[PDB]
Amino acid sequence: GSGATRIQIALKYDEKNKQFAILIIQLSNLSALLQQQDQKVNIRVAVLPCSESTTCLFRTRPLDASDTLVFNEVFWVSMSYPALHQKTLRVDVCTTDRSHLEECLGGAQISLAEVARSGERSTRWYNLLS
C-alpha cells in the first residue's frame, strides 16, 4: 500500500467577520509516508507569507499514527479578502514526541488566489510532497 499520502482540507472565507477558516479534516494512506509506527502525528498549518500583525502558524493536536487519520480541527485567521488572495497555505504532516521537536516529513502548498468571497466552502484532497 504505497502511493501518495493525501490530506483533505476545507477552506471558507467569512466576509461578515473578515476571516478565513481552515478545516484540517483527515489524512489517507499515511502508512506510505511513515517508515516507523506508533508515532504521534500532527499537522502544521502556515499562512504565508507571514503577516506579522496577526498569527500565521497553527498546529493540530497530535494523534497516534493510523493509515487513515481524522483530525477535524478548524483554524480561523483574521484577514481581508484582498490580503487572503495574495497568500499561500502550507500544511505539513509532522511526527512528534516528548521532545516537542517537529519532524515534518512532507506537505502541500495551496495558493489561495482563487478562494471564493461567498462562503460556499471548498473541500479538496491534496497530495503531499517530501
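Quick note: we count residues from 1 along the sequence shown, nothing fancier.
Student: Return whichever of 119-127 and 4-12 has the greater mean Cα B factor according to the PDB record.
Tutor: So the stretch with the higher mean C-alpha B-factor is 119-127.
Student: Averaging the C-alpha B factors as listed in the entry, name the stretch that ends up higher: 74-82 or 47-55.
Tutor: According to the PDB entry, the answer is 47-55.
Student: Please work out which residue in 60, 95, 28, 37 has the highest C-alpha B-factor recorded for this crystal structure.
Tutor: It is 37.
Student: C-alpha B factor of residue 113, ranked within the chain: lowest, middle or highest third?
Tutor: Tercile = middle for this residue's CA B-factor.
Student: Divide the modelled residues of the chain into thirds by Cα B-factor and specify which third, lowest, middle or highest, holds residue 32.
Tutor: Its C-alpha B-factor, which the entry lists for residue 32, ranks in the middle third among residues of this chain.
Student: Among the modelled residues of this chain, does the Cα B factor of residue 105 put it in the lowest, middle or highest third?
Tutor: Bottom third by C-alpha B-factor.
Student: Taking the entry's C-alpha B-factors for this chain, is residue 91 in the lowest, middle or highest third?
Tutor: Residue 91: CA B-factor falls in the lowest third of its chain.
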